[PDB]
Every structure is written in C-alpha cells, then in structure tokens.
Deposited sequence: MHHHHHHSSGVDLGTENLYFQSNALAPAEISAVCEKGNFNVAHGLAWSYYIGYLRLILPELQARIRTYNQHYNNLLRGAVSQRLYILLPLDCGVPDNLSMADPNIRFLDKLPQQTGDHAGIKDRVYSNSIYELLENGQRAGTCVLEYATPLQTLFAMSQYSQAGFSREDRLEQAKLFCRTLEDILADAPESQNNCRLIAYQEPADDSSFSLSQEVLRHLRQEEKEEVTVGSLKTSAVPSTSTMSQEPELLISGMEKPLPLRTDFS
C-alpha cells in the first residue's frame, strides 16, 4: 500500500518544513499586494489531481490560472485566479508531487501497478494526508478533484472564498 508512506514522507519531509514559516512570509508579502491591489490567502493550497497528471507548468494547463509572483524565502509561486479576465482570487498553489511517483509506477512494467491501482492509491494518499494534517500543529488545504462541466480555477476559487468567510466570522 504505497500511499501510506508517500503521504508521511511528503509531510515529514516537505510540508512540515515550509508550513511553519508559511503564513508569516505571506503576511510579510501581503502588505504590498494591498498597496499594489489585493490580498493573498493565508493557506497553502495543494492540488491533488487523482489522475496523477502534474503539468510541468500549471498556468498553461488552466487558462484561468495565471502566474503572478514568486513568494520570497524552497520554491513557492503566487497564482491569480480568473473569472472573465478579471482577477478573482490569489493564493499560493502547488501540486502534490508524490502523485508523479504514483504515475511513474503505473508506467513501470516490473511494478505491475495499474491505473486501477493508481487511482486507488491516489485517493488513499489524499485520505491519509488529510488525517496527518488534522493532528498536526491550518495554513494548508487539500484540493482533490477528478478531471471529467469542471473548471479547476472554480474549484480553487470556491475554497478560496470559503476561507475568507471563516476568517471574518470565526
């Protein structure tokens, strides 16, 4: 069951190293984006395409997701989200790199690892990660989505607004 370990290693070996510093860096940044003319969500957003298809470049993949800026120090990028050519949201967005690992396996013959299997481990990966995140010492949402009526910018824009509702409320 490879997903169990990929999840842990991604957390222990990556997430728990950037996320502490995260919301500071974003806060530090956000001053100027205010002055220059918007805000950047405080959570890191992670794309979990259950297809395990990670583009080498996210912006070219979805038209409505333009690159905007690199966040100052670990390499993180601020994307703007679009509606009608209008800036509609802005966050730090990333792909869960361990999917690349599940995808390479399903193209590795001696692995005997099928797409059947890969989708299964993908969901498992997503599940187990979420649990890890639950007990961890909130600046980090998981966005699992099965490519089909579906705009990726919209799924992201959805969470994005839900984040701002929770802030002004609680």
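- Several segments of the deposited sequence have no coordinates for C-alpha: 1-39, 76, 114-125, 190-192, 204-207, 230-265, numbered from the first residue.
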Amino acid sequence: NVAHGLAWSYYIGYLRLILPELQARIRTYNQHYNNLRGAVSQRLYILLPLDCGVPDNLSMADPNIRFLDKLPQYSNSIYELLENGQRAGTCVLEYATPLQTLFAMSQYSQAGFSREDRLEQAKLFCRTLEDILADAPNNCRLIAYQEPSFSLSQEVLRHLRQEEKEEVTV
From here on, numbers count along this sequence of modelled residues.
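Just so we're on the same page, rigid core means the largest C-alpha set that superposes within 1.5 Å between forms.
- Each structure in 7 other deposited structures of this protein is fitted to the shown form on the rigid core, and of 108-116 and 43-51 the C-alphas lie farther away on average for 108-116.
- In summary, of the stretches 26-34 and 97-105, 26-34 shows the greater Cα distance from the shown form in 7 other deposited structures of this protein, with structures fitted on the rigid core.
- Compared with the other entries of this protein, residue 149 is frequently left unbuilt, missing from a third or more of those that build its neighbours.
- Higher mean CA temperature factor, per the PDB entry, when comparing 120-128 with 26-34: 26-34.
- Look at the C-alpha B-factors of 102-110 and of 55-63. On average they run higher in 55-63.
- Within the group 44, 40, 134, 144, the record's highest C-alpha temperature factor is found at 40.
- Residue-level temperature factors show residue 79 in the lowest third of its chain, judged at the C-alpha atom.
- In the PDB entry, a CA B factor belonging to the lowest third of its chain's modelled residues is recorded for residue 9.
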